[PDB]
Amino acid sequence: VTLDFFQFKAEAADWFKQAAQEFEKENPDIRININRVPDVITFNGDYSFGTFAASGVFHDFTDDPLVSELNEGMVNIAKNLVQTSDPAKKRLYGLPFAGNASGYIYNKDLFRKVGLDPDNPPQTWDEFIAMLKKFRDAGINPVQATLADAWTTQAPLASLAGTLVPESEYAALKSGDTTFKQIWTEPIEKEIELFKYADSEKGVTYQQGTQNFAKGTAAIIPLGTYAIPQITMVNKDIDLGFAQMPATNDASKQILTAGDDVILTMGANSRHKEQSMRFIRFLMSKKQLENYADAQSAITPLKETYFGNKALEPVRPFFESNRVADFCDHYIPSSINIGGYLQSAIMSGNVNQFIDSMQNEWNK
Ligand SMILES: OC[C@H]1O[C@H](OC[C@H]2O[C@H](O[C@]3(CO)O[C@H](CO)[C@@H](O)[C@@H]3O)[C@H](O)[C@@H](O)[C@@H]2O)[C@H](O)[C@@H](O)[C@H]1O
């Protein structure tokens, strides 16, 4: 048989191509075509995933023997993404394959240039902003923006909201006991502040920005762990770090936004379920998982967490202490153009217009 493998992740295209070919060598009865439900699917762990899960597009993995070896936190993330109001319908419709974190990637060599300690990034908002001013004052571009790709603007919001806005607030928001004005004003104000320290053309693509950063022209790029491989492929010698973006001056209560970066699933109505499951068990072996995590600087979904790049060391404490949070935008319906509104808020500085757009679309 031939399996249709829908693979969402641009940054990992080569890894999955090679994994599939390796699987084919050992399984001559199975061919894998990488892109009528596809048989095997990778999807980002977000609202869209949850909506397709609730509609029955995906196989129900809840009882699968593979689950017991997985990080329970990541499994529950996947289950809670299901877009349903019935607690009982929060079933597992995919397997966590890799985790991420949102914050910022920084150039350790530029840290050293201005006397900052590359192993101890800023712990508070004031210290974070002083760091950017310090880079500017020293003649270094502090922040590489990538606004032409709207989704990238969601990262600093998600990072910041991770600490400022408890996930419980989204239930209060739906029931109308709170508002975007009340919960997202401070995150968006600070995201605007952040990008005032982008001293180069802000309106460039994700690829352009990752190229710029790799070539040493910016101190930080405020994206999550998923961007690391895009950077290292442009310059293998870049000395990179990854850090939590501190949203307040309460150093003791900082939280790291972190989610299921890749969920691996199967089409509920595949005609080749046995073969599909065989490929999925191959991808979910520890060996493959850690190999993937090394290639993509990701976090494995096994109970004994493996970090794929030493750049992630500064955020290890957040994971160990369970001081993490899922992305704010996982509570925002896909029909709401959050990306577009955010890119307008960042460029224009018009907070009122951003909040009202979010609130009115939500209310509807
Ligand atoms: O903060 C941005 C984003 O982070 C998380 O998703 C990471 C995901 O983002 C990018 O994938 C695309 C690129 O268009 O963005 C959507 C998800 O927002 C994906 O469907 C799409 O492939 C990266 O290119 C991926 O490598 C990466 O996995 C978070 O889950 C998102 O909600 C959002 O906040």
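Residues numbered from 1 in each chain as written, not as in the entry; some residues may be left out. Heavy atoms only, no water.

Method-wise, the PDB entry is recorded as coming from X-ray crystallography, at a reported resolution of 2.02 Å.

### Topic: unusual backbone geometry
Only a minority of non-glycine residues have a phi that is not negative, and only a minority of peptide bonds are not trans. In this model, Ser297 sits at a positive phi of 50°, which is unusual for a non-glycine residue. Relative to the helices and strands, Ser297 is located in the loop between α12 (286–296) and α13 (316–320). Of note, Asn322 is a non-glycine position whose phi angle comes to about 60°, a positive value. Residue position: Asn322 is located in the loop between α13 and β10 (324–325). (Helix = DSSP H or I, 4+ residues; strand = E, 2+ residues; numbered from the N terminus.)

### Notes on the site of the ligand
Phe8, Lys9, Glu11, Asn44, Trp151, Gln154, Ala155, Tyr226, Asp261, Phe327, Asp329 and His330 make up every residue found near the ligand. Within the side chain of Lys9, one N or O atom sits 3.0 Å away from an oxygen atom of the ligand. In the environment of the ligand, an oxygen atom lies 2.9 Å from a nitrogen or oxygen atom belonging to the side chain of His330. The fraction of the free accessible surface of the ligand (600 Å²) that becomes covered by protein chains is 81%. Split by domain, the shell around the ligand shows at least three residues from each of two domains, domain 1 (1–101 + 260–312) and domain 2 (102–259 + 313–364). (Near = heavy atom within 4 Å. Polar contact = N/O pair within 3.5 Å; in protein donor to acceptor, adjacent residues only side chain to side chain. Areas by Shrake-Rupley, 256 points an atom, 1.4 Å probe, with all protein chains shown as cover. Domains from an automatic or database assignment.)

### A word on the sheet that holds strand β7 (residues 240–243)
The antiparallel open sheet is built from 3 strands, whose spatial order is β6-β5-β7. Edge positions in the open sheet fall to β6 (220–221) and β7, since each of these has one partner strand only. In this structure, strand β5 (residues 104–107) lies alongside β7, joined through 4 bridges in antiparallel fashion. Each bridged residue has a counterpart across the sheet, and for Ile105 the counterpart in β7 is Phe242. (Pairing = 2+ DSSP bridges.)

### Some details on the sheet that holds strand β3 (residues 40–43)
Pairing between the strands of a sheet is mediated by backbone hydrogen bonds and can be parallel or antiparallel. Strands sit in the order β2-β1-β3-β9-β4 across an open sheet of 5 strands; the sheet is mixed. Edge positions in the sheet fall to β2 (31–34) and β4 (95–99), since each has one partner strand and no second. This sheet shows a mean twist of 20° between the axes of neighbouring strands, independent of strand direction. With 4 bridges connecting them, β3 and strand β9 (residues 260–266) associate as antiparallel partners. Opposite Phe43, over in β9, you have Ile263 as the bridge partner. (Axes fitted to C-alpha atoms, helices over the stretch in contact; angles between N-to-C directions.)

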